[PDB]
Each structure stands twice: as C-alpha cells, then as structure tokens.
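Order-wise, the sequence lines are chains H and A. Per the deposited numbering, residue 1 is the first one in the first sequence, and the count goes up by one each step. Per the deposited numbering, residue 273 is the first one in the second sequence, and the count goes up by one each step. Idealized CB from N, CA, C, for every residue including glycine.
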Amino acid sequence: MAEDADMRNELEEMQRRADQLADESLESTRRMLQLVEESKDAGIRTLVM
Amino acid sequence: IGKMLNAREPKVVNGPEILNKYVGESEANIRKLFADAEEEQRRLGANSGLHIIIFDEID
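Given below as structure tokens:
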C-alpha cells in the first residue's frame, strides 16, 4: 500500500418539508390548548353560579 | 475449551479478513471485538465470564 486516502461524501436531505408553514400546525395545536381551558374554567364555575 | 469453560461465545476472526485501504478502518474492526468484553468487565466487576477471541491467522 503506502496508501493514504482521505475522503468526503454528501448528504441526501429527508422529506416532509414542502414549505416551512407545516410547523404552523403546531401553532394550531397551541391554539387548541389556548381555546380549551376557558371552556371548562367557565363551565364548572358557571355551574357554581 | 470455550465449551470447557463457558465464555459468552467465541467470535472468531481471520487477520487478512480485516484490513482496509483506508487509514482508520483497519484498527476499529479489532476494537469492536474487545468492546463486548469491556462492557461486561466494567459493569459486573471481576466475576464476569470470559469474552474469548480467536484469530485465524495473525501472522
């Protein structure tokens, strides 16, 4: 031999990102954490009143 | 003798079977034999069963 090979290689990016907006789905599921608590919080105390 | 005194198993290798043109690949195929022993030794101290190695030809 008396052989040195030092090499590099390249990447294939994974799928599932047609557009970044997809993470806005998380902004949705934030909102259905946002839009859920006050329903019961006023529901049970609406039963109280 | 592995059967005589129980090791986990023999992993047998041949010398010429691990040699890589690339610089760093010819030492790691050796160390992957001993890692399996190193784990058990550190974990279970000094009453562990043998991790046994065999080289078909080292020469």
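I'd like the list of long-range same chain contacts for residue i, defined as Cβ closer than 7 Å, with 5 residues on each side in sequence excluded.
i, result
"residue 280 (chain A)", "321, 323"
"residue 45 (chain H)", "none"
"residue 312 (chain A)", "320, 323"
Check residue i in the structure and name its three-state DSSP category.
i, result
"residue 283 (chain A)", "strand"
"residue 324 (chain A)", "strand"
"residue 50 (chain H)", "Missing from the structure shown is residue 50 (chain H); chain H here goes from 1 to 49 and no further."
"residue 290 (chain A)", "coil"
"residue 319 (chain A)", "coil"
"residue 50 (chain H)", "Because chain H is modelled from 1 through 49, residue 50 (chain H) falls outside the range shown and cannot be assessed."
For chain A, find out if any of its Cβ atoms is closer than 8 Å to the Cβ of residue i; answer yes or no.
i, result
"residue 1 (chain H)", "yes"
"residue 5 (chain H)", "yes"
If I measure Cβ to Cβ from residue i and keep anything under 8 Å in the same chain, skipping five residues before and after, which residues do I get?
i, result
"residue 286 (chain A)", "327, 328, 329"
"residue 12 (chain H)", "none"
When the Cα of residue i is compared with those of the options, which residue comes out closest?
i, options, result
"residue 228 (chain A)", "A:315, A:319, A:284, A:318", "Nothing about residue 228 (chain A) can be read from this structure; chain A reaches only from 273 to 331."
"residue 308 (chain A)", "A:331, A:288, A:325", "A:325"
Would residue i count as contacting chain H if we go by Cβ distances under 8 Å?
i, result
"residue 295 (chain A)", "yes"
Touching by the beta-carbon criterion (3+ pairs, under 8 Å), the region 291-306 of chain A and the region 4-21 of chain H: yes
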